[PDB]
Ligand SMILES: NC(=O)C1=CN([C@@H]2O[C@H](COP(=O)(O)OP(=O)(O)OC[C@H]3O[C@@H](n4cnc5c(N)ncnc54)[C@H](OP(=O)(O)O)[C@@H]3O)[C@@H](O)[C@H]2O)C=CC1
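Only one chain is shown below, in structure tokens, and it's the form deposited without the ligand.
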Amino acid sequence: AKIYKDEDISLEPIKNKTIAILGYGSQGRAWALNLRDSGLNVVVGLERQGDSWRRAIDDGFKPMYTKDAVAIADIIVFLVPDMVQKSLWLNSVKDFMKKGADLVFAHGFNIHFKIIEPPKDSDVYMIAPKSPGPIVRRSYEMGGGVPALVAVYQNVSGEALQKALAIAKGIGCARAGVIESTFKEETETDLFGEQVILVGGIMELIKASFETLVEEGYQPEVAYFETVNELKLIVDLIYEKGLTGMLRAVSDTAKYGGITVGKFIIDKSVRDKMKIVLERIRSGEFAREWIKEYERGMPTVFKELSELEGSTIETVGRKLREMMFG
């Protein structure tokens, strides 16, 4: 892979460009302030004079409406939630943006699945950190950063990647490491990780483990203690010292258990289903279903949150977290 650090990257490509950050939720704030603190020219563009507008004022910005911001911008950054970007594009960007302004994303989804079709004469690129806004901001203020991907969809200027890298540097990501990718790769791999491990997989692995124990008649409190509680320690080990360093740190009994049973539980049949999930991302099926579900108000997401909240694992979880923290 092509890996860039702060030493590898010049800010000069985006010096004396007006950067319009569209949105001022936690991600937009973080990038806006980091960029401003890095000495760049930042404007904040918003649709409504509401919460986010007032926050931006409190942070010493003078926000403008999107239509105005994009009109003077050389670089326009979409940092509103992905599922709202098409409406912002159509309502307040496409027909207002400075001609030839760069279009910049933090996820490849809308461009990759052709939800937005950009002008032919704009550079289109991405800087994709994988950390919540507050961490992007605090790491930067401490002199560090979080790692990111960079990608380019359209290189009209000749210099798109260098501009993307400059933005990555300006928000602090190059202090940690920037990995070059593509919009296709970031989008497909991002969605796949969410679904099979980061959110879906771990969640249901936890539920299925806990529920196994509870069905067999063990105390739910114990089952939670023996399946959820210690997960933070494990995943901390992995994050710091890899799977090997994790296995070295646990007891001999745990090492043997894990090494012998892991591949029995997560076996070929799981791997085959992982291929299917990936296929449905790659084909565009997932994106289509998700559009439709979002546009209906996410009723599936909300129903399942509600069901989850009232489940044994969550009510037991709540009680014990209460205890561990009267």
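Residue positions are given as counts along the sequence shown, with the first one as 1.
One more form of this protein, solved in complex with the ligand, exists but is not displayed; see below.
Student: Does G133 make contact with the ligand in the bound PDB entry, using a 4.5 Å heavy atom cut-off?
Tutor: Within the cut-off, so yes.
Student: Is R48 close enough to the ligand in the bound PDB entry to count, meaning some heavy atom within 4.5 Å?
Tutor: So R48 counts as contacting the ligand.
Student: Would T244 count as a contact of the ligand in the bound PDB entry, using a 4.5 angstroms cut-off between non-hydrogen atoms?
Tutor: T244: no, not in contact with the ligand in the bound PDB entry.
Student: Is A249 one of the residues lying within 4.5 Å of the ligand in the bound PDB entry, judged by heavy atom distances?
Tutor: Answer yes; at least one heavy atom of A249 falls within 4.5 Å of the ligand in the bound PDB entry.
Student: Just one stretch in 172-180, 125-133, 215-223, 93-101 has heavy atoms within 4.5 Å of the ligand in the bound PDB entry, so which one is it?
Tutor: Among the listed stretches, the partner-contacting one is 125-133.
Student: Is it the case in the bound PDB entry that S10, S38 and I167 each bring at least one heavy atom within 4.5 Å of the ligand?
Tutor: No: no residue has a heavy atom within 4.5 Å of the partner.
Student: Quick one: from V156, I115, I206, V84, grab the residue that has a heavy atom within 4.5 Å of the ligand in the bound PDB entry.
Tutor: Selected residue: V84.
Student: Considering the ligand in the bound PDB entry, which of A71, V196, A160, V80 comes within 4.5 Å of it through any heavy atom?
Tutor: Answer to the contact question: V80.
Student: Do any residues of 92-108 have a non-hydrogen atom within 4.5 angstroms of the ligand in the bound PDB entry? If so, which ones, in sequence order?
Tutor: Heavy-atom contacts within 4.5 Å come from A106, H107.
Student: Pick out, from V277, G258, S209, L35, the position at the hinge of the rigid-body motion between the shown form and the other one.
Tutor: Among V277, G258, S209, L35, only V277 lies at a hinge between the shown form and the other one.
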